[PDB]
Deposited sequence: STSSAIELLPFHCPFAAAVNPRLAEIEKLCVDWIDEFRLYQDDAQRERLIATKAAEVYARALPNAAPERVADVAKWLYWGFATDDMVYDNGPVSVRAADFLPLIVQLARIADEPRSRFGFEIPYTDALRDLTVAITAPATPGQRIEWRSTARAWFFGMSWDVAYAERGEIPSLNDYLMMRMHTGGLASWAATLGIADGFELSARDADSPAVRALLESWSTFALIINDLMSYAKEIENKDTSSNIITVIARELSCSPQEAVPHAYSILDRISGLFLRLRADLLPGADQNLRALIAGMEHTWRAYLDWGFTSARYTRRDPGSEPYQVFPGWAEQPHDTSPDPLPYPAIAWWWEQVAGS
């Protein structure tokens, strides 16, 4: 059932790499080099995702060659997504998905690994893995490997619920959405492209883990809200509708309440951490700010989610201003980290 989106609140200005044209050209030439499409129509649709633009908005100050390198990860993701999930009327079975997805996780870890059967665009996954990771630091490569594996594991969970034709509880959705959306992998690629890397102390610190998780969650809730109109099983709208036994339209104000309470917590943790933040944590927080705006500015102009959904506009203030923890025990601990 169709919904009406509410305006979005974002206290950060739009930003874009001033060499986007060059970034886009490098990516299109790479798309053609590895033929990440079966026909001209698929080629046009892949280019129309504007994966280069969303990365360029997240990385306005990064070297365009490195923005292009990490954008290949998202173009590959879109090309492989548009193939693997369009593979028959019948839902993909987790038991069929898992043996393929661990092979893709392995190639992200070590592209020299090869298998007796490989899906199309696996050569492209090898190429982008080397392009992204070869110039990176050892620590950045370790982050790339762990966050890629976490995303592939996350995908397996979405496939499990699609196979069962079931909707997860809101608590279970709020735990797993950060994993299924690969925002840890996104953050790892921002580090590689922009040239930053958290200390072990910062990366492990519960305040920074809460910052990363709250940011990951609300960013992917924005993704769900932008993708709903086009989708019409694990969308925030469908999850809340089932949780509260209400209509998808009745779910909308609840979705924006959760969005603004999680965004609100992110801003409190950001305010706590920025004064004492070293150059690396400052760079990550800048990347997080630019990603928030990037998803909104690109999400409503990209063909990836569009028209299906008109931009509902900008909100003067958040839809919910409560500082109280969300009553979801998977993520409630975040609020313990506010100083």
What ranges of the deposited sequence are left out of this structure?
1-3, 236-240, 315-321, 355-356
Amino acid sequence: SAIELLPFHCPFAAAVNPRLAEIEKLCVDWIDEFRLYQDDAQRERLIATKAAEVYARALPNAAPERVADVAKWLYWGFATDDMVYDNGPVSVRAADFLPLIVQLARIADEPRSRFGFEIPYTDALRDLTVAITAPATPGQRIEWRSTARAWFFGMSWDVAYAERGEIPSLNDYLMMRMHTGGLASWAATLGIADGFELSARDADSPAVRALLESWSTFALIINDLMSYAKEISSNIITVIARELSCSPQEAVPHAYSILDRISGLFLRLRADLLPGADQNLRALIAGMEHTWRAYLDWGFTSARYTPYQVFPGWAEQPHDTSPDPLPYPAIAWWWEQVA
From here on, numbers count along this sequence of modelled residues.
Is the mean CA B factor in the deposited entry higher across 220-228 or across 122-130?
220-228
Hey, which bit's got the bigger mean C-alpha B factor in the entry, 33-41 or 309-317?
309-317
Whose CA atom has the top B-factor in the entry, of 190, 104, 251, 159?
251
Taking the Cα B-factors listed in the entry, which of 239, 148, 83, 94 comes out highest?
83
In terms of the CA temperature factor given in the entry, to which third of its chain does residue 260 belong: lowest, middle or highest?
highest
CA B-factor ranking of residue 327, expressed as a third of its chain:
middle
Considering every modelled residue of the chain and its Cα B-factor in the PDB entry, is residue 207 in the lowest, middle or highest third?
middle
Split into thirds by Cα B-factor across the chain's modelled residues, where does residue 293 land: lowest, middle or highest?
middle
Modelled-residue ranking by C-alpha temperature factor, third containing residue 57:
lowest
